[PDB]
Amino acid sequence: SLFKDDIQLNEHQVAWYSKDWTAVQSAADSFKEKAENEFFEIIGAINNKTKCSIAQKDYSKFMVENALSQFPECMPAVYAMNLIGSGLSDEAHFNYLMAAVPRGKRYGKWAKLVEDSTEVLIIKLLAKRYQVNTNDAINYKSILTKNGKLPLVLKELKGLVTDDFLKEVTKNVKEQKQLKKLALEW
Amino acid sequence: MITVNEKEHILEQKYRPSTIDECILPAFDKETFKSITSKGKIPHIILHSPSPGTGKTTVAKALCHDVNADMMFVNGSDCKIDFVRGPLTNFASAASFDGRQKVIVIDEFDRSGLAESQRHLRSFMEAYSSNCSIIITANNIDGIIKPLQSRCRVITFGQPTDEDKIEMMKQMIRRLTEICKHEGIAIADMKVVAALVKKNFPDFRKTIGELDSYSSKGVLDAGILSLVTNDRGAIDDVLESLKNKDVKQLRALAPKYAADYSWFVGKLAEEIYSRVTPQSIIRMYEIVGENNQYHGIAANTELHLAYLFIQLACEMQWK
Amino acid sequence: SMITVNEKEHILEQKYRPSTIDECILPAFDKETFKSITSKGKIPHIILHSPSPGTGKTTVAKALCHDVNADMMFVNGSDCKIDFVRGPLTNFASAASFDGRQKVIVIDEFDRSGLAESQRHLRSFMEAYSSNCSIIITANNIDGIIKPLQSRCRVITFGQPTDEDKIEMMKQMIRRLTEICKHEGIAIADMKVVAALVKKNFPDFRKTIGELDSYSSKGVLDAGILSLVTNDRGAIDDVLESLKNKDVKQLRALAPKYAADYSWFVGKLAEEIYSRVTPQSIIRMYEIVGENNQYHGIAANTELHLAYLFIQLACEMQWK
Amino acid sequence: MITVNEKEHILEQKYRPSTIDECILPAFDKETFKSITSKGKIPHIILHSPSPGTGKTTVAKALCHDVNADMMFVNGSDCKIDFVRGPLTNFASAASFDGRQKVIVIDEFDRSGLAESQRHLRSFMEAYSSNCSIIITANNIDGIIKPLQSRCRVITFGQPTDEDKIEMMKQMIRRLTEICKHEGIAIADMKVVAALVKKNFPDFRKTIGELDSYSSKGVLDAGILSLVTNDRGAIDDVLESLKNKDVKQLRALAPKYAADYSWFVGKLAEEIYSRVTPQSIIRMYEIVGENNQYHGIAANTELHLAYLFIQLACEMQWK
Amino acid sequence: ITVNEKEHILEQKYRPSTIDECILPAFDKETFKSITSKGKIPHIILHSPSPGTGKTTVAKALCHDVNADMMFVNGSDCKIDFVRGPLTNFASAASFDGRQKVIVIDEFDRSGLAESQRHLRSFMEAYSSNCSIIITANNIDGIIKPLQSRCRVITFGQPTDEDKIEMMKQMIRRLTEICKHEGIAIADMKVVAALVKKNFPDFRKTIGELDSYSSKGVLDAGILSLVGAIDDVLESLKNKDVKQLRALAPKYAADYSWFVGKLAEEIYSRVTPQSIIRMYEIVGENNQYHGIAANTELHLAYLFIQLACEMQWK
Amino acid sequence: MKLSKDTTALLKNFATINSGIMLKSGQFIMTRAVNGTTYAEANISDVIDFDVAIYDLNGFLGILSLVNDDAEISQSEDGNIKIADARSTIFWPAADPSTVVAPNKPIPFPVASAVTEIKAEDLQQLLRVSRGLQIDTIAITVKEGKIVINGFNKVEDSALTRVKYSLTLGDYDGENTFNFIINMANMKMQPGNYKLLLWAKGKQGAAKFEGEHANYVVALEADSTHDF
Amino acid sequence: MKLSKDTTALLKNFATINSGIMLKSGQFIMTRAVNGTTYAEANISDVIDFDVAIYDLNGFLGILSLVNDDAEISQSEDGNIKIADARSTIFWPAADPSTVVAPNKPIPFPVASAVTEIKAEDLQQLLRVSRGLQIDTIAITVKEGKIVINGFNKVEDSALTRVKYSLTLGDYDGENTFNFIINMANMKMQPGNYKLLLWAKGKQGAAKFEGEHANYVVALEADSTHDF
DNA sequence: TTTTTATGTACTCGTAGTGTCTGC
DNA sequence: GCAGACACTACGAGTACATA
Ligand SMILES: Nc1ncnc2c1ncn2[C@@H]1O[C@H](COP(=O)(O)OP(=O)(O)O)[C@@H](O)[C@H]1O
Ligand SMILES: [Mg+2]
Ligand SMILES: [Mg+2]
Ligand SMILES: [Mg+2]
Ligand SMILES: [Mg+2]
């Protein structure tokens, strides 16, 4: 900045006035906050018997049913809507779930399985190599573990872990680590 | 007093209000809009309402008309990233030699596939805010990214109070009466106008459309009232047969509605919902869901609908 | 003869397509509104919809343009993507006709979800060019049209006649089918055939004409064609008498006989048992037979399914 | 007279009928096809039947042959919406310099994922109806959307009358004799051929397939007849295990009779009617009829049979 | 005996390569050899409700004895864009050495492959002059009816008494040869006979248990007692851990048809008799209403709730 | 019958108006856009010797570019279009005449309400300036004795009041006052000098461009003004 | 050892047939499609001195394209492969040879029952016309004494009735009659001239294309007809 | 108070690679 | 006359929907 004066502009003004569209793209990606949802305002109405009209709100049978399926008191209604409610309207689905699900303040955290990304990768590798289903692959993994041939088999299969395969293994970019984990597999 | 555009032949397009005072809005919304027009400068506004025909585009143009702004009306679906990089920058950076505030109206900007462009727009707002303002209108507010919603004054149309609704409906009755008088439509019974207003609320566009449709013979008398207060797709015969547990009439009615099974089942559930006990609501939705789930599976469809009728007639507890 | 004939078409329902509103067989209120529109000289935005096919939505959409003498652009709705709207449709709506006619866009079958975004681009379009051009949409599923577009159009629901309207429409369709048979060379040896064809496929006039062409393979509509149309596959005396006697073994023997044409058998059986049983037994008969017919396409052994139905009926019916 | 495709080694594909007269069809349906051929123009047709091997594809190709039509055969599972915008529109818009009718055969067009494509067809079939017609063949008519069914002549196969069935079985026996003559198979007992035809009706494809199967020795003696009648032996082991309430043997016998579940439930009702006390007949019919009518939605067949065995062993009283 | 030294799994290392090497019932082996003698191969569905009898092995052996250019496809991998792509390219193109081409689709009833089967409907008639398909299935009802019409359905097994004793003899001899080849010592031939008897006719499970025991080098008590694939679900049912069962439902939501039968089998031993009957009722109703359910995860979760609440473990 | 490169360039320019064309035996070709905005007619050197409808004119011109310039176009024995080259032959499909939107008869333009002339240089400058200032509409009007073309950008200027370009053709000795708006998208013609005829009768109107080889009729915008 | 850019461009073409490749000691490379519908071979300049199996060939060639042309390629001490070049060094995992589909045996193509030639320009014109006319299969046969290639669109022409394209390749001189059908999807060859050897006997046969860089053999379609 | 099932199909947007013609 | 500009296509990302 040769001109040592200037009130100085923000990054957006510098990007736009200069018409450097890469700086404009970065400034726009600055606002790339993502993932907005208000499904739990609907579920609360189902749980707390609040008044709530879905004639103007977005509805999700999968999200509503999976949220209500976290507590056994609602499992009868979720089961019924999972059997005979698939061909119902979203309004009808919501109406039934309000009429049937018993009242209760039950909000909590969903039950999610925490997986060994390395073990998932090993099972997927064994299923790809031997063209078997998932449980057959797990049985192969058990047999190769209790035989000591697993380091040998993993060594023979280390070349099969392409960078697209790791996308199927796990979306966490820390997948790079497993990559090195598989590079050092001897 | 009323705004008439002789270029338009469609009634709802011919009588589009041109001023904030002419629009039929909630009291607080109209007060805020009058304040905006009085203070002389227009902020960044987002007018949204999922219910169509409440007045978003009308109010945007009326704000621009009251402020006497240099308005650039743009179809939101055409406001792609190149439009922001080009025409919007060209309009923002152009010098104004008349003191008119520059305002960009982006009508119906709630497309998800434009999110990226919207992000660019946000950055645009941080560079040319001192030169122009933006009035977005939308139906799905979730189609507008969160930074845009946060940077603007978000006004939710079609969300009135009960007294607001009474006042708006009286104003709409008066406006339809003035439209009839301008159009040469004789009003023999104001109950027709009242029924139209109450039936098509809060969609005013659809209200004026219904007025144009039912005012075909030029007179609004008791016949048009009976036509408006009617339901041409009413299912009442099936509902009354179920209420009476009339097996003969249900057996006769099964083939009448068996042709459009999906639509009839939907409408029948929708109608029974409001006329039965809560536990009857549970049972009705279970019965209807099962019967519809086995639609393509059953052999005789008319028999399947008669089976549904028997189930409902036996298990329903009408309030 | 006041019946339009597309000489270039061989399929019956395409050959005999009405070209004016008066020729169209419509409910009273709908035809009245269409005559009113054609009388007003200008066409607003319209949506002709019905879950039932073959009610006349496309026919009336073309006939309105014909009567008003409108410069029409007939577009397959499924090709009406957003770039097509941004291109030829905008140019057509903004430009004027060389002869001063009103321009109308007919978007036939516009009720796909994949076009919703395109429909979104339309909701400003329809307000920008409403002075010069209008849009007439055809739909089967109204929910395939976004609610703003419904708000912008006059929505007209086909296939919703009154009882007297339905009687009159069936009379008119019978007369039209008789005139079409006269033109085509189909001898009508029994008018009951045409009446049953009209009553059977109502309100699908396209299916009506198509089935008229189907059952006219022998050039005549005699009594055999009537037995085929109404599905008259005989009597159910053995089953009924064995149910009344509670002859379980006879019913086990009779199941495979009627296992073949299950839908006809179950319908006829319901119709016959309805009259020969006590009112208390009528509800239970409908319950049993409805469950059995509902689970048909799932039952692995249809003969065993019919045996199960027979046993239930023979045990639970009270034969008056 | 019999049509032979020497490039085919599979017997059911080698002797595919090439004309309508060579087909074995009900009287009225064959008459309809002959009328369509005599007129010279083919309409939009939907040949359907849930029973495979009734001749829908055969009759489509035979119609196109007898009419001498410019045919485009297409696997319906590939007829996506771009396949209609491209190949189908190119084929239909091409001219007919020789006066031949253009017909598109969409074979097996009943996948749900094609619905949108089918929707795109309902205007297509009306734009090109002057020169191009479509012949859809399906197993599940519910996979064809209602507008397409409205635009077509729907012809349901595999649903003949008793006289039609007698005549078709006669013709099928004679055709099988001709096929065994051509192929070099010795028929030492015509009752074997009659047994094949009466067993596999109306799936003629499976009739010829089982003819190929049992003619491994080149001759059809009376010993093959006991193998064709498909009696599959008796079921004394399961009945005794049910009488003794021996759960382990029932679990062991479940995968055995999971081979042909339909035949097994039939034989089970037929036999166990005699071995349970008269007071248990209604309950046993309830159990067996439910287990049979819920089979098409049972994921695990062996588990379904185990469940049936447990219900019977727990609730039945034996003589 | 056929051996593949490149393989490290015994069931992949010692897989029979011909029909004769397979330990099958007399009638089944005779029909297979007649089919191979016929010269060509039609579309065939090998069905075996009882596992481990060797439908994959018999399919590969058919391809080997008829000398066919075989492409082996796992059913779960046989998605529709794979059928449109490589499979079409294989079936429409002739072989360099004039052999008949054959596609082997293993366990075609396992997953959401119904659209692939409905696609295969026309595929099989479009290329029948050059390519045949051999589908293997444990539950024949998983194969759509048009494919069953287009294929010859061969149901496996159900051996006679003489067939059973001869097959057990052949399996004992094969196990002895495999032990001699792998260097494993047989302390008692009665133990080998008892293993073959215990796991008959699940030969694959026998070879799998042998491969599990392989690390020792001898054969002693491989019949064990203690020392599963559903251990997590079983333990969480015993503990009445509703949250862990809810978390486990999506894991086995993959192959419900296999999991539900495996669950019934594993529960049958560890619970009281009246609870055996009750488990069969609950699991059977759940399996019965599976075709209606839209999300198998929730269906499996409800089954877990019911079983956990009603089981009286021993 | 060969196709001189001038004929092929003319056919390409026509393809920009309609994806398909219906050319009959002679030396006269014509096309009209499916949305009825522009129409074109022209005489050319090469002689058409058989009637045939092309569904995809652009692909036909592509395959023509794929062979030698002296290729021989004829009607194949099957009835298609045979392009004979040195070693190769291309068979292009003949479309059904009903599947191509084409004019029924050469539409005769009425007697003009105003006449002027556009030099090819002025037209090229107008097009290049349209690329530059991004003007999307034009207005043929009168400016104190002369006939002028005003160029506006309707995206940023919706009322057509801020003139971005201005061109002066000839003078207007008449007494009428008109303002014919034309959308730039409908200017599908190739460069050259054009006698510009303008016809208007109340609600009806059109603008014809007569060139030495081709004539182009263009529909005016709905909100054009005139007093004829 | 380094891979000259001609070797790299050849391997990029060999990746179009098989996603991986197995390189064995020598100055010779080969690959075949996993379904066995096409196989390729090529004598290459750069010497391969150690056996190495590459499962991901395209990613490996992307690694190659980045780090210079004189890149030293070898196998690493641990067991993988190493690519060192002045500024950088990259390690790539060496896959087991059983993980890559290799043709195992170099197919000794028999003495051709028919021989012809096709120039690079003819092949380019054919590919362009096929991209234009939607042509997906070709048929090499004998027409009026010359050897011709007829291009068909098998989609709209299931029986190969209407010939859409035709090309001549010279006289035949022989005494046999044939019609070898080739699906265009199986021709992954790079542009250039090709000596075409068509061999057939009974039910077996193949079509070999000897090029200026590599030889590509392809399998005939099912219903190919010959009288050898 | 929390928060996403697999497969197949369809559409739109942005951008980068790519081919091809042309202006001082 | 050849860089550059103009247009066209191929592909990744995001969204949406039906059915299981
Ligand atoms: N009949 C048989 N004879 C010999 N070994 C068999 C037989 N059946 C299965 N096996 C063993 O099982 C393994 C593969 O079994 P597989 O064919 O997958 O059975 P399934 O398909 O029923 O699970 C092979 O390694 C083989 O050793
Ligand atoms: Mg608006
Ligand atoms: Mg229609
Ligand atoms: Mg078929
Ligand atoms: Mg297996």
# chains A, B, ... in the order shown; residues from 1 in each chain; ligands from 1

call {"tool": "select_by_dssp", "arguments": {"residues": "stretch 113-190 of chain E", "states": "strand (DSSP E or B)", "output": "PyMOL selection string"}}
result
chain E and resi 131-137+152-155+185-186

call {"tool": "calpha_fit_rmsd", "arguments": {"fixed": "chain B", "moving": "chain D"}}
result
5.4 Å

call {"tool": "residues_near_ligand", "arguments": {"ligand": "ligand 1", "cutoff": "6 Å", "atoms": "only C-alpha atoms (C1' of nucleotides) and all ligand atoms", "output": "ChimeraX atom specification"}}
result
/E:11-12,14-16,22-24,51-57,203-204

call {"tool": "write_last_selection", "arguments": {"atoms": "C-alpha atoms", "output": "PDB file, in the first residue's frame"}}
result
ATOM      1  CA  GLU E  11     -12.649 -73.037   2.142  1.00  0.00           C
ATOM      2  CA  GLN E  12     -11.140 -70.986  -0.698  1.00  0.00           C
ATOM      3  CA  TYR E  14      -9.743 -76.595  -1.120  1.00  0.00           C
ATOM      4  CA  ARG E  15     -12.751 -75.916  -3.358  1.00  0.00           C
ATOM      5  CA  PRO E  16     -13.866 -78.783  -5.631  1.00  0.00           C
ATOM      6  CA  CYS E  22     -18.213 -82.400  -5.032  1.00  0.00           C
ATOM      7  CA  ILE E  23     -19.776 -84.432  -2.213  1.00  0.00           C
ATOM      8  CA  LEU E  24     -23.399 -84.398  -3.380  1.00  0.00           C
ATOM      9  CA  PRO E  51     -26.390 -73.622   3.878  1.00  0.00           C
ATOM     10  CA  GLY E  52     -22.902 -74.879   3.133  1.00  0.00           C
ATOM     11  CA  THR E  53     -24.022 -77.584   0.699  1.00  0.00           C
ATOM     12  CA  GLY E  54     -22.032 -75.885  -2.065  1.00  0.00           C
ATOM     13  CA  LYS E  55     -24.212 -74.047  -4.579  1.00  0.00           C
ATOM     14  CA  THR E  56     -21.383 -71.650  -5.461  1.00  0.00           C
ATOM     15  CA  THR E  57     -19.026 -74.617  -5.790  1.00  0.00           C
ATOM     16  CA  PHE E 203     -19.530 -78.826   4.789  1.00  0.00           C
ATOM     17  CA  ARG E 204     -18.428 -75.193   4.587  1.00  0.00           C
TER      18      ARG E 204
END

call {"tool": "residues_around", "arguments": {"residues": "residue A:148", "least_positions_apart": "3", "cutoff": "12 Å", "atoms": "only C-alpha atoms (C1' of nucleotides)", "output": "MDAnalysis selection string"}}
result
(chainID A and resid 141:145 151:154) or (chainID E and resid 8:9 211:216)

call {"tool": "residues_around", "arguments": {"residues": "stretch 9-16 of chain I", "least_positions_apart": "3", "cutoff": "9 Å", "atoms": "only C-alpha atoms (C1' of nucleotides)", "output": "VMD selection string"}}
result
(chain B and resid 112 to 113) or (chain C and resid 113 to 114) or (chain H and resid 10 to 12 17 to 18)

call {"tool": "write_last_selection", "arguments": {"atoms": "N, CA, C and O atoms (P, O5', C5', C4', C3', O3' and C1' of nucleotides)", "output": "mmCIF file, in the first residue's frame"}}
result
data_model
loop_
_atom_site.group_PDB
_atom_site.id
_atom_site.type_symbol
_atom_site.label_atom_id
_atom_site.label_comp_id
_atom_site.auth_asym_id
_atom_site.auth_seq_id
_atom_site.Cartn_x
_atom_site.Cartn_y
_atom_site.Cartn_z
ATOM 1 N N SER B 112 -33.051 -23.656 -4.238
ATOM 2 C CA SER B 112 -31.881 -24.216 -3.570
ATOM 3 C C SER B 112 -30.664 -24.213 -4.486
ATOM 4 O O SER B 112 -29.541 -23.943 -4.042
ATOM 5 N N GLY B 113 -30.870 -24.488 -5.773
ATOM 6 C CA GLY B 113 -29.785 -24.533 -6.734
ATOM 7 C C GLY B 113 -29.094 -23.203 -6.968
ATOM 8 O O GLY B 113 -28.144 -23.123 -7.753
ATOM 9 N N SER C 113 -42.411 -34.021 -10.750
ATOM 10 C CA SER C 113 -41.623 -33.375 -9.706
ATOM 11 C C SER C 113 -40.334 -32.793 -10.270
ATOM 12 O O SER C 113 -39.884 -31.726 -9.835
ATOM 13 N N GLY C 114 -39.734 -33.471 -11.249
ATOM 14 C CA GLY C 114 -38.494 -33.010 -11.851
ATOM 15 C C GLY C 114 -38.592 -31.666 -12.540
ATOM 16 O O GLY C 114 -37.553 -31.075 -12.853
ATOM 17 P P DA H 10 -34.811 -41.328 -15.793
ATOM 18 O "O5'" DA H 10 -34.798 -39.822 -15.259
ATOM 19 C "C5'" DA H 10 -35.959 -39.275 -14.663
ATOM 20 C "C4'" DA H 10 -35.672 -37.899 -14.090
ATOM 21 C "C3'" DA H 10 -34.972 -36.933 -15.048
ATOM 22 O "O3'" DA H 10 -35.855 -35.887 -15.410
ATOM 23 C "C1'" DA H 10 -34.066 -36.838 -12.830
ATOM 24 P P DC H 11 -35.429 -34.815 -16.530
ATOM 25 O "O5'" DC H 11 -34.805 -33.612 -15.680
ATOM 26 C "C5'" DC H 11 -35.556 -33.036 -14.623
ATOM 27 C "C4'" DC H 11 -34.720 -32.041 -13.840
ATOM 28 C "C3'" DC H 11 -33.945 -31.030 -14.690
ATOM 29 O "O3'" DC H 11 -34.505 -29.733 -14.514
ATOM 30 C "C1'" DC H 11 -32.652 -31.873 -12.852
ATOM 31 P P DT H 12 -34.128 -28.531 -15.513
ATOM 32 O "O5'" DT H 12 -33.066 -27.684 -14.680
ATOM 33 C "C5'" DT H 12 -33.354 -27.331 -13.343
ATOM 34 C "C4'" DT H 12 -32.095 -26.889 -12.630
ATOM 35 C "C3'" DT H 12 -31.220 -25.920 -13.427
ATOM 36 O "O3'" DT H 12 -31.203 -24.647 -12.785
ATOM 37 C "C1'" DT H 12 -29.931 -27.620 -12.339
ATOM 38 P P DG H 17 -8.773 -27.291 -16.575
ATOM 39 O "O5'" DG H 17 -8.926 -28.220 -17.864
ATOM 40 C "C5'" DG H 17 -9.547 -29.489 -17.741
ATOM 41 C "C4'" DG H 17 -10.169 -29.919 -19.057
ATOM 42 C "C3'" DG H 17 -9.283 -29.749 -20.289
ATOM 43 O "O3'" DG H 17 -9.467 -30.868 -21.140
ATOM 44 C "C1'" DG H 17 -11.304 -28.599 -20.620
ATOM 45 P P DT H 18 -8.489 -31.137 -22.382
ATOM 46 O "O5'" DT H 18 -9.506 -31.400 -23.584
ATOM 47 C "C5'" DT H 18 -10.841 -30.924 -23.485
ATOM 48 C "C4'" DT H 18 -11.383 -30.571 -24.852
ATOM 49 C "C3'" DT H 18 -10.318 -30.318 -25.910
ATOM 50 O "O3'" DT H 18 -10.822 -30.686 -27.175
ATOM 51 C "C1'" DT H 18 -11.557 -28.360 -25.602
#

call {"tool": "residues_near_ligand", "arguments": {"ligand": "ligand 4", "cutoff": "8 Å", "atoms": "only C-alpha atoms (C1' of nucleotides) and all ligand atoms", "output": "PyMOL selection string"}}
result
(chain D and resi 52-53+55-58+107-108+137-138) or (chain E and resi 121-122+125)

call {"tool": "residues_around", "arguments": {"residues": "residue I:4", "least_positions_apart": "6", "cutoff": "12 Å", "atoms": "only C-alpha atoms (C1' of nucleotides)", "output": "number ranges by chain"}}
result
H: 20-23

call {"tool": "write_last_selection", "arguments": {"atoms": "N, CA and C atoms (P, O5', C5', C4', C3', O3' and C1' of nucleotides)", "output": "mmCIF file, in the first residue's frame"}}
result
data_model
loop_
_atom_site.group_PDB
_atom_site.id
_atom_site.type_symbol
_atom_site.label_atom_id
_atom_site.label_comp_id
_atom_site.auth_asym_id
_atom_site.auth_seq_id
_atom_site.Cartn_x
_atom_site.Cartn_y
_atom_site.Cartn_z
ATOM 1 P P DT H 20 -12.154 -28.572 -34.282
ATOM 2 O "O5'" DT H 20 -13.268 -27.642 -34.944
ATOM 3 C "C5'" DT H 20 -14.177 -26.935 -34.105
ATOM 4 C "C4'" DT H 20 -14.159 -25.451 -34.417
ATOM 5 C "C3'" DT H 20 -13.284 -25.054 -35.604
ATOM 6 O "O3'" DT H 20 -13.883 -23.961 -36.270
ATOM 7 C "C1'" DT H 20 -12.566 -23.893 -33.723
ATOM 8 P P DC H 21 -13.755 -23.797 -37.860
ATOM 9 O "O5'" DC H 21 -14.066 -22.246 -38.091
ATOM 10 C "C5'" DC H 21 -15.154 -21.636 -37.405
ATOM 11 C "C4'" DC H 21 -14.788 -20.244 -36.913
ATOM 12 C "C3'" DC H 21 -14.066 -19.357 -37.925
ATOM 13 O "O3'" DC H 21 -14.516 -18.024 -37.770
ATOM 14 C "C1'" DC H 21 -12.750 -19.548 -35.996
ATOM 15 P P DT H 22 -14.581 -17.029 -39.027
ATOM 16 O "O5'" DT H 22 -14.127 -15.628 -38.407
ATOM 17 C "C5'" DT H 22 -14.470 -15.307 -37.062
ATOM 18 C "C4'" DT H 22 -13.279 -14.720 -36.326
ATOM 19 C "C3'" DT H 22 -12.584 -13.568 -37.051
ATOM 20 O "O3'" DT H 22 -12.280 -12.522 -36.133
ATOM 21 C "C1'" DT H 22 -11.019 -15.285 -36.582
ATOM 22 P P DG H 23 -13.099 -11.140 -36.194
ATOM 23 O "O5'" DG H 23 -12.009 -10.022 -35.838
ATOM 24 C "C5'" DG H 23 -11.775 -9.651 -34.480
ATOM 25 C "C4'" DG H 23 -10.557 -8.738 -34.342
ATOM 26 C "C3'" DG H 23 -10.546 -7.496 -35.217
ATOM 27 O "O3'" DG H 23 -9.745 -6.501 -34.596
ATOM 28 C "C1'" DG H 23 -8.914 -9.064 -35.992
#

call {"tool": "residues_around", "arguments": {"residues": "stretch 233-241 of chain B", "least_positions_apart": "3", "cutoff": "10 Å", "atoms": "only C-alpha atoms (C1' of nucleotides)", "output": "PyMOL selection string"}}
result
(chain B and resi 230+244-254+257+264+267-268+271-272+275+309+312-313) or (chain C and resi 157+159-162)

call {"tool": "write_last_selection", "arguments": {"atoms": "C-alpha atoms", "output": "PDB file, in the first residue's frame"}}
result
ATOM      1  CA  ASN B 230     -70.789 -25.588  -2.467  1.00  0.00           C
ATOM      2  CA  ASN B 244     -75.497 -44.497   9.427  1.00  0.00           C
ATOM      3  CA  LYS B 245     -73.666 -47.837   8.976  1.00  0.00           C
ATOM      4  CA  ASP B 246     -75.679 -48.195   5.751  1.00  0.00           C
ATOM      5  CA  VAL B 247     -74.226 -51.299   4.112  1.00  0.00           C
ATOM      6  CA  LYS B 248     -76.522 -51.085   1.074  1.00  0.00           C
ATOM      7  CA  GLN B 249     -75.526 -47.530   0.177  1.00  0.00           C
ATOM      8  CA  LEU B 250     -71.829 -48.192   0.845  1.00  0.00           C
ATOM      9  CA  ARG B 251     -72.038 -51.272  -1.385  1.00  0.00           C
ATOM     10  CA  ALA B 252     -73.596 -49.062  -4.064  1.00  0.00           C
ATOM     11  CA  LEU B 253     -71.043 -46.253  -3.628  1.00  0.00           C
ATOM     12  CA  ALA B 254     -67.938 -48.469  -3.806  1.00  0.00           C
ATOM     13  CA  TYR B 257     -65.323 -43.912  -6.233  1.00  0.00           C
ATOM     14  CA  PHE B 264     -60.697 -40.831  -2.882  1.00  0.00           C
ATOM     15  CA  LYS B 267     -59.939 -37.160   0.670  1.00  0.00           C
ATOM     16  CA  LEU B 268     -61.926 -39.662   2.754  1.00  0.00           C
ATOM     17  CA  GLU B 271     -62.814 -35.649   5.804  1.00  0.00           C
ATOM     18  CA  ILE B 272     -63.171 -38.333   8.491  1.00  0.00           C
ATOM     19  CA  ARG B 275     -65.549 -35.757  12.442  1.00  0.00           C
ATOM     20  CA  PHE B 309     -66.133 -48.934   3.868  1.00  0.00           C
ATOM     21  CA  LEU B 312     -64.716 -47.636   8.727  1.00  0.00           C
ATOM     22  CA  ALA B 313     -68.468 -47.935   9.304  1.00  0.00           C
TER      23      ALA B 313
ATOM     24  CA  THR C 157     -61.131 -30.198 -11.902  1.00  0.00           C
ATOM     25  CA  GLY C 159     -64.225 -35.829 -13.736  1.00  0.00           C
ATOM     26  CA  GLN C 160     -66.394 -34.206 -11.039  1.00  0.00           C
ATOM     27  CA  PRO C 161     -69.971 -34.349 -12.352  1.00  0.00           C
ATOM     28  CA  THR C 162     -73.246 -34.275 -10.483  1.00  0.00           C
TER      29      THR C 162
END

call {"tool": "interface_residues", "arguments": {"of": "chain D", "to": "chain G", "cutoff": "7 Å", "atoms": "only C-alpha atoms", "output": "PyMOL selection string"}}
result
chain D and resi 72-73+87+91
